[PDB]
Amino acid sequence: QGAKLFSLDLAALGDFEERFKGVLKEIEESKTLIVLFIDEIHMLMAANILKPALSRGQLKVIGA
Amino acid sequence: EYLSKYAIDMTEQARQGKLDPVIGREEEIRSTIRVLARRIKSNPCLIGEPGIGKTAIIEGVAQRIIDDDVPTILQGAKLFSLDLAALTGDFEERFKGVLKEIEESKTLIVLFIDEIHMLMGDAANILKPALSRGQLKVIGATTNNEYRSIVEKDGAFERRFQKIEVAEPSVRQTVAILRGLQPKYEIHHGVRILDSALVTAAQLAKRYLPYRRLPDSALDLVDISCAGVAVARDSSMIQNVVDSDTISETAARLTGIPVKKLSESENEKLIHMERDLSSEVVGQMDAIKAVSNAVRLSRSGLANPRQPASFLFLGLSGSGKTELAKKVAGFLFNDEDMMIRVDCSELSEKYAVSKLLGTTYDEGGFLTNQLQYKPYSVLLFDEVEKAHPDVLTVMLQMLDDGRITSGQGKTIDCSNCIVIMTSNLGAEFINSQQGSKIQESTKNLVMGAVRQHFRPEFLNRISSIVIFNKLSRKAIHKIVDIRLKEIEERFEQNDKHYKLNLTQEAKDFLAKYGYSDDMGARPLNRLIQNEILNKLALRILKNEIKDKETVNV
Ligand SMILES: Nc1ncnc2c1ncn2[C@@H]1O[C@H](COP(=O)(O)OP(=O)(O)NP(=O)(O)O)[C@@H](O)[C@H]1O
């Protein structure tokens, strides 16, 4: 319930990606108050995508 | 006539006896004297930590001067002490003509300049030609830092100069030089000092004081303490003074728990620390012993005075491992800030700043700066081998000695600090411990695994390395029940006044569901909020279920 939809359509455009990593706190700010959905981009990211926030045990995401 | 202007002879004050007697330095002095006696490179210098008693030597110098402990050649010489400042015309001139005066003045003194030794922009040669005169006996010093930058550029600076170690005592002799205090410094503010109030301030300020210097930091608090014992006494019969009051009390100023400062120092702490760990985490009796059992070894000087306390931990974050030291530190250093974070994700090359560096904003780094900030510390290493060859090599000094040069090249003691490695190197082998191996074989499997990423020096200098292995629900529910304990003791105490209920649901859920095998109850740790704290507070926050009430799912 308390979660809502976020879906990151990745536009990456110094590392310009860590933004995508910094937001992992911004949702962690909300404290799983949303969900993430990524569509066909699932690949090695920087480095690997995602998890350290999910791998923190947290972070419901809609994978695809 | 500019003689006395910023140049104030303190051999005056030494002839006046204004200056402050201390012990032993003749060693540096006689040399630094003998240095001052050198045609070739005249100028003795102390290179390193400020506040280490530089002109205190000059005192002794001036003392040896006025005592005629000043040796033959230079007995004529004395020291005008410069006062480094002026008003802008500009400054240099005033600071120059003197230079002429004094060598002209025929060596009745020498000059000491302390840490302020200038790379000027308009550098040109400031005092340097005067210094360069083949004449003009002077005394400079600085920390290593400027000594790094400025004096190494020429290096015929040394052709004038001589470096000498800024003399930092032993504690015992610091204690001893402050043991000479007890008959004398008992009565400064008009009391007596016990053997109790005597050595500990050191032992404390050593162990407990972040900043100041061995006799300095030690001698500091006791008069900082006298707010009570000097003023409230004559404001009643206290003659002798005691450690705690003088110290631990006045030590508890910063934090507290003088009992842990006092009633137990390291002695019992260890003695039961095993279960004390087990208190925080049941399970992993291995490291419950080992690291503990080990780090017990860490102290007492079984081995190198210079020597770190070092471990890799293995398991699933949210196994309590990353915590674990925070107990230990809280258990030992009575803090969780002792724990300090080294992200091996972050590590490639450029980190050499982020610890600390000789600054070229590229400025003071952090991590070493943090122990430099936090002289008692615990160092956590975030999936170690994920770091580059960058740190692991500097980790040698960490592997070494329990002491660390900052990136400006300033050593700080980790033999009083902790360093702890994280890695997944047995993750699959955690999965082997999920099959619950003879841990040896799988630790061997790990050992080989961990063996790979590192030169043995890395591998060898570790105090040891331990797995935090498969965690039976035994621990879980306990840990959970411990996990239970943390929030309730935050709140019913003050906030929530809260009496509690537990369905076995949650009791089972949190253990069963809330705990993840792989990702742990680590999320459940957050979930414990969510399905419980978040849930039941939300249940209660209405208040219709009253304060101190409880409803579990
Ligand atoms: N076996 C355990 N004993 C005690 N606390 C545990 C245990 N397993 C997980 N925890 C909790 O999980 C955290 C500690 O997990 P730990 O194994 O130290 O790795 P961690 O890095 O701290 N988890 P995290 O820091 O979010 O990655 C703390 O919140 C503990 O309360």
# chains A, B, ... in the order shown; residues from 1 in each chain; ligands from 1

$ closest_atom_pairs --of "chain A" --to "ligand 1" --cutoff "9 Å" --atoms "only C-alpha atoms and all ligand atoms" --output "JSON lines"
{"residue": "A:52", "atom": "CA", "partner": "ligand 1", "partner_atom_place_in_ligand_line": "27 (O)", "distance": 8.4}
{"residue": "A:55", "atom": "CA", "partner": "ligand 1", "partner_atom_place_in_ligand_line": "27 (O)", "distance": 8.1}
{"residue": "A:56", "atom": "CA", "partner": "ligand 1", "partner_atom_place_in_ligand_line": "26 (O)", "distance": 5.4}
{"residue": "A:57", "atom": "CA", "partner": "ligand 1", "partner_atom_place_in_ligand_line": "26 (O)", "distance": 7.8}

$ interface_residues --of "chain B" --to "chain A" --cutoff "8 Å" --atoms "only C-alpha atoms" --output "list in words"
residues 519, 520, 521, 522, 523, 524 and 526 of chain B

$ select_by_dssp --residues "chain A" --states "alpha helix (DSSP H)" --output "list in words"
residues 18, 19, 20, 21, 22, 23, 24, 25, 26, 27, 28, 29 and 30 of chain A

$ write_last_selection --atoms "N, CA and C atoms" --output "PDB file, in the first residue's frame"
ATOM      1  N   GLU A  18      26.505   7.914 -10.917  1.00  0.00           N
ATOM      2  CA  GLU A  18      26.345   7.806  -9.466  1.00  0.00           C
ATOM      3  C   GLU A  18      25.119   8.568  -8.983  1.00  0.00           C
ATOM      4  N   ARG A  19      24.670   9.543  -9.771  1.00  0.00           N
ATOM      5  CA  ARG A  19      23.330  10.094  -9.647  1.00  0.00           C
ATOM      6  C   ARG A  19      22.313   8.970  -9.463  1.00  0.00           C
ATOM      7  N   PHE A  20      22.238   8.070 -10.450  1.00  0.00           N
ATOM      8  CA  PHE A  20      21.409   6.874 -10.328  1.00  0.00           C
ATOM      9  C   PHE A  20      21.709   6.100  -9.050  1.00  0.00           C
ATOM     10  N   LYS A  21      22.947   6.149  -8.561  1.00  0.00           N
ATOM     11  CA  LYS A  21      23.232   5.511  -7.281  1.00  0.00           C
ATOM     12  C   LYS A  21      22.840   6.406  -6.116  1.00  0.00           C
ATOM     13  N   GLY A  22      23.038   7.716  -6.254  1.00  0.00           N
ATOM     14  CA  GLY A  22      22.675   8.620  -5.178  1.00  0.00           C
ATOM     15  C   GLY A  22      21.187   8.609  -4.891  1.00  0.00           C
ATOM     16  N   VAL A  23      20.374   8.379  -5.925  1.00  0.00           N
ATOM     17  CA  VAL A  23      18.931   8.359  -5.729  1.00  0.00           C
ATOM     18  C   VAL A  23      18.526   7.171  -4.873  1.00  0.00           C
ATOM     19  N   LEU A  24      19.354   6.124  -4.847  1.00  0.00           N
ATOM     20  CA  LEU A  24      19.065   4.969  -4.011  1.00  0.00           C
ATOM     21  C   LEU A  24      18.885   5.363  -2.556  1.00  0.00           C
ATOM     22  N   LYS A  25      19.502   6.464  -2.140  1.00  0.00           N
ATOM     23  CA  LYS A  25      19.234   7.013  -0.821  1.00  0.00           C
ATOM     24  C   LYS A  25      17.930   7.793  -0.820  1.00  0.00           C
ATOM     25  N   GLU A  26      17.647   8.493  -1.921  1.00  0.00           N
ATOM     26  CA  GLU A  26      16.468   9.350  -1.987  1.00  0.00           C
ATOM     27  C   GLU A  26      15.193   8.530  -1.860  1.00  0.00           C
ATOM     28  N   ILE A  27      15.187   7.334  -2.431  1.00  0.00           N
ATOM     29  CA  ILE A  27      14.106   6.398  -2.165  1.00  0.00           C
ATOM     30  C   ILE A  27      14.242   5.830  -0.762  1.00  0.00           C
ATOM     31  N   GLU A  28      15.474   5.530  -0.350  1.00  0.00           N
ATOM     32  CA  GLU A  28      15.705   5.098   1.020  1.00  0.00           C
ATOM     33  C   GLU A  28      15.291   6.181   2.002  1.00  0.00           C
ATOM     34  N   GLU A  29      15.448   7.443   1.605  1.00  0.00           N
ATOM     35  CA  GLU A  29      14.811   8.564   2.279  1.00  0.00           C
ATOM     36  C   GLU A  29      13.333   8.270   2.485  1.00  0.00           C
ATOM     37  N   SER A  30      12.605   8.116   1.379  1.00  0.00           N
ATOM     38  CA  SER A  30      11.201   7.745   1.462  1.00  0.00           C
ATOM     39  C   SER A  30      11.001   6.434   2.209  1.00  0.00           C
TER      40      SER A  30
END

$ residues_around --residues "residue A:9" --least-positions-apart "5" --cutoff "9 Å" --atoms "only C-alpha atoms" --output "list in words"
residues 37, 38, 39 and 41 of chain A

$ closest_residue --among "B:142, B:298, B:263, B:345" --to "residue A:46" --atoms "only C-alpha atoms"
B:345

$ select_by_dssp --residues "chain A" --states "strand (DSSP E)" --output "tab-separated table (two decimals) with N, CA, C and O atoms, in the first residue's frame"
chain	number	residue	atom	x	y	z
A	36	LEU	N	10.26	0.73	-7.62
A	36	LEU	CA	10.98	1.02	-8.84
A	36	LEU	C	10.61	0.00	-9.90
A	36	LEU	O	10.32	-1.16	-9.59
A	37	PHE	N	10.59	0.44	-11.16
A	37	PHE	CA	10.42	-0.45	-12.29
A	37	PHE	C	11.39	-0.07	-13.40
A	37	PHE	O	11.35	1.06	-13.89
A	61	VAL	N	11.43	-3.44	-5.99
A	61	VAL	CA	11.56	-2.95	-7.35
A	61	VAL	C	10.79	-3.88	-8.27
A	61	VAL	O	10.69	-5.09	-8.01
A	62	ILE	N	10.24	-3.33	-9.34
A	62	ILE	CA	9.62	-4.15	-10.37
A	62	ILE	C	10.68	-4.40	-11.43
A	62	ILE	O	11.07	-3.48	-12.17

$ atom_distance --atom1 "atom CA of residue B:422" --atom2 "atom CA of residue B:380"
7.3 Å

$ residues_around --residues "residue B:415" --least-positions-apart "2" --cutoff "7 Å" --atoms "only C-alpha atoms" --output "list in words"
residues 306, 307, 308, 309, 401, 402, 403, 413 and 417 of chain B

$ atom_distance --atom1 "atom CA of residue B:497" --atom2 "atom CA of residue B:531"
20.0 Å

$ atom_distance --atom1 "atom CA of residue B:297" --atom2 "atom CA of residue B:445"
26.7 Å

$ residues_around --residues "stretch 393-395 of chain B" --least-positions-apart "4" --cutoff "10 Å" --atoms "only C-alpha atoms" --output "compact mmCIF listing (two decimals) with N, CA and C atoms, in the first residue's frame"
# COMPACT_ATOMS: atom_id res chain seq x y z
N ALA B 352 44.29 8.20 -2.09
CA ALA B 352 45.38 8.66 -1.25
C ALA B 352 45.11 10.03 -0.68
N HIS B 388 41.39 -1.49 -4.92
CA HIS B 388 42.50 -1.61 -5.85
C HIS B 388 43.82 -1.80 -5.12
N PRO B 389 44.88 -2.15 -5.86
CA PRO B 389 46.21 -2.22 -5.25
C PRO B 389 46.58 -0.95 -4.51
N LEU B 399 48.64 -2.98 7.97
CA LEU B 399 49.13 -4.30 8.31
C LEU B 399 50.28 -4.20 9.29
N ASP B 400 51.09 -3.16 9.15
CA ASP B 400 52.20 -2.96 10.06
C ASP B 400 51.69 -2.43 11.38
N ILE B 404 50.01 4.65 11.44
CA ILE B 404 49.71 5.06 10.07
C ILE B 404 50.18 6.47 9.79
N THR B 405 51.11 6.59 8.85
CA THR B 405 51.39 7.87 8.22
C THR B 405 50.16 8.36 7.50
N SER B 406 49.78 9.60 7.76
CA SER B 406 48.75 10.19 6.93
C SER B 406 49.33 10.49 5.55
N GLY B 407 48.49 10.99 4.65
CA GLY B 407 48.97 11.26 3.31
C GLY B 407 49.88 12.46 3.22
N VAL B 419 41.36 -2.51 13.14
CA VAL B 419 41.19 -2.56 11.69
C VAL B 419 40.52 -3.87 11.33
N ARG B 455 48.88 -10.63 -1.64
CA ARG B 455 50.16 -11.04 -1.13
C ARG B 455 50.00 -11.51 0.30
N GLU B 457 51.68 -10.91 2.91
CA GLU B 457 51.90 -9.86 3.89
C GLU B 457 50.57 -9.32 4.35
N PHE B 458 49.73 -8.97 3.38
CA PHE B 458 48.33 -8.76 3.67
C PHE B 458 47.80 -9.92 4.49
N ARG B 461 49.74 -10.31 8.08
CA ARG B 461 49.72 -9.36 9.18
C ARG B 461 48.37 -9.27 9.85

$ decode --residues "stretch 23-63 of chain A" --atoms "C-alpha atoms" --output "short mmCIF file (atom, residue, chain, number, x, y, z; two decimals), in the first residue's frame"
data_model
loop_
_atom_site.label_atom_id
_atom_site.label_comp_id
_atom_site.auth_asym_id
_atom_site.auth_seq_id
_atom_site.Cartn_x
_atom_site.Cartn_y
_atom_site.Cartn_z
CA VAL A 23 18.93 8.36 -5.73
CA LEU A 24 19.07 4.97 -4.01
CA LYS A 25 19.23 7.01 -0.82
CA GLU A 26 16.47 9.35 -1.99
CA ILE A 27 14.11 6.40 -2.16
CA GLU A 28 15.71 5.10 1.02
CA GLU A 29 14.81 8.56 2.28
CA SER A 30 11.20 7.75 1.46
CA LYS A 31 11.99 4.34 3.03
CA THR A 32 10.39 2.02 0.44
CA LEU A 33 7.52 4.50 0.10
CA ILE A 34 7.56 3.69 -3.64
CA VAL A 35 8.46 0.91 -6.03
CA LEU A 36 10.98 1.02 -8.84
CA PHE A 37 10.42 -0.45 -12.29
CA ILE A 38 13.16 -0.88 -14.90
CA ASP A 39 12.08 -2.32 -18.21
CA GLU A 40 14.58 -3.73 -20.73
CA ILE A 41 17.75 -2.23 -19.25
CA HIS A 42 19.11 -4.90 -16.96
CA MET A 43 22.85 -5.23 -17.40
CA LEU A 44 26.16 -4.53 -15.77
CA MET A 45 25.78 -0.84 -14.93
CA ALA A 46 28.61 2.06 -12.20
CA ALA A 47 29.87 -1.54 -12.28
CA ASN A 48 26.79 -3.67 -11.45
CA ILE A 49 23.34 -2.08 -11.42
CA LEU A 50 21.14 -1.57 -8.41
CA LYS A 51 21.61 -3.89 -5.55
CA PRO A 52 23.58 -2.31 -2.64
CA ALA A 53 20.29 -0.62 -1.70
CA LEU A 54 18.34 -3.78 -2.55
CA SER A 55 21.33 -5.77 -1.30
CA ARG A 56 20.85 -3.75 1.85
CA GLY A 57 17.78 -6.01 2.09
CA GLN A 58 15.49 -3.09 1.22
CA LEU A 59 14.02 -1.69 -1.95
CA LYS A 60 11.06 -3.35 -3.59
CA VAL A 61 11.56 -2.95 -7.35
CA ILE A 62 9.62 -4.15 -10.37
CA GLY A 63 12.13 -5.98 -12.53
#
